[PDB]
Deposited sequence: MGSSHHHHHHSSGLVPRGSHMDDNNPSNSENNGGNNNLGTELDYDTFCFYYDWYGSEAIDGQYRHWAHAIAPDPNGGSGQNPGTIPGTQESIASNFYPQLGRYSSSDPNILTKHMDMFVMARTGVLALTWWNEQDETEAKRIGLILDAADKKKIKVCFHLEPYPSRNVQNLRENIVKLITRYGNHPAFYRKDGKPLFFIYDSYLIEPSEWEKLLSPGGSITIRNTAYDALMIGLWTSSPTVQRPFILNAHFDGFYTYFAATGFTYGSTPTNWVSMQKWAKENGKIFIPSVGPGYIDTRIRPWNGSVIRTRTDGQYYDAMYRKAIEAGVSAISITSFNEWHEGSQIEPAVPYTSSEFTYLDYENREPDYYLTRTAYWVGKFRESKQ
């Protein structure tokens, strides 16, 4: 009852910097989003006192490229029993991205953690450059011992997959598609983002030839897909149609340091009871895999990574009290155990 679970995927963000490694506190400093409804909202400067999160990391303003931080993160995945790190991927095409991905794979392998990619909506993303990038990632990293495979296939999560028409997806994902990956060296499990109602999403997923779907959002009720009372029926549909459903569960949500106008999306943690309810619903739906939003999306307040109390002259941060800083790692391990009992 301590082993890693390789059907548990934790969304991981590698965009943080520190002075020690990067020469800058990247992402800890962040622009404030204007209200979508002549605004000069400003920027959070990423100083010790004022970072782009409502919470404060136990590890401080860390770099995602610091091998010592990465070691600690992998030890945290081990504590949480989460066997797969689902790495945000933005197609930066820069040496710093390449170095960091290699460091993450190397650190993961030391702890028997696996890595898969979460393909983000990069500029001009389309099925042709997606194919090229899938080929690139499999070619570059597919022989790394930490690269994730399920039944011989890589797995990719595709964020905002609805931004691309099913007629385009079918070219890549139907066995007869014009630029198919099916039956090729680059075949993979492609997990699209289920957002809205079944009348829209069922034909989208079928016509796009996705292997499965996930829901991402940590805030219950943000979308149809992130409303856990829909998960039993979503799983039934998935099983009937040979699709893999990977619901996303998270411990809470708050992004109001970077999106001050987005308070209606706040979901309170209630000393773990929110996380418990969401994780229970995923397990009760009878799914074969679960995704966790998030390890370390600090901007969105969905992180399970340890956080500490902090009051600065500029902001009084939220924290996990009356739970301890590692509570969400140990509670994740509890739920992984419950999930494994159900498999």
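Stretches of the deposited sequence left without coordinates are 1 to 38, 76 to 78, 385, in sequence order.
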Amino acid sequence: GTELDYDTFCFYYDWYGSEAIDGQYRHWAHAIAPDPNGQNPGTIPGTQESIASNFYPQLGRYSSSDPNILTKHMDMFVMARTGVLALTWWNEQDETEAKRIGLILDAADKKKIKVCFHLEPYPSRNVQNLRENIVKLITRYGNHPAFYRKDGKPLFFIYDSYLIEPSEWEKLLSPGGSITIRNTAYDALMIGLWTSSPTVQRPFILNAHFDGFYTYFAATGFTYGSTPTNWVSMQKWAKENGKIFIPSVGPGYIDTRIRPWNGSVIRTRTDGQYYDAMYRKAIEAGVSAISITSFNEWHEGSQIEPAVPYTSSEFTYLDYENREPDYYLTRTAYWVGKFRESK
From here on, numbers count along this sequence of modelled residues.
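Here, rigid core means the biggest group of C-alpha atoms that superpose within 1.5 Å across both forms.
Rigid core superposition in 9 other deposited structures of this protein puts the Cα atoms of one stretch, out of 48 to 56 and 23 to 31, farther from the shown form on average, and that stretch is 23 to 31. Per-stretch averaging of Cα B factors for 193 to 201 and 209 to 217 places 193 to 201 on top. Just going by the entry, 56 to 64 versus 305 to 313 on mean CA temperature factor gives the higher value to 305 to 313. Comparing C-alpha B-factors across 261, 117, 253, 245 in the deposited entry, the largest value falls on 261.
Between the residues 183, 268, 161, 143, the entry's highest C-alpha temperature factor is the one at 143. Among the modelled residues of its chain, residue 168 has a C-alpha B-factor that falls in the lowest third according to the deposited record. When the CA B factors of the chain's modelled residues are split into thirds, the value for residue 49 lands in the highest one. The deposited CA B-factor of residue 232 belongs to the highest third of values across its chain. Ranked within its chain, residue 178 lands in the highest third, by CA B factor from the PDB record. For residue 125, the recorded CA temperature factor ranks within the lowest third of the chain's modelled residues.
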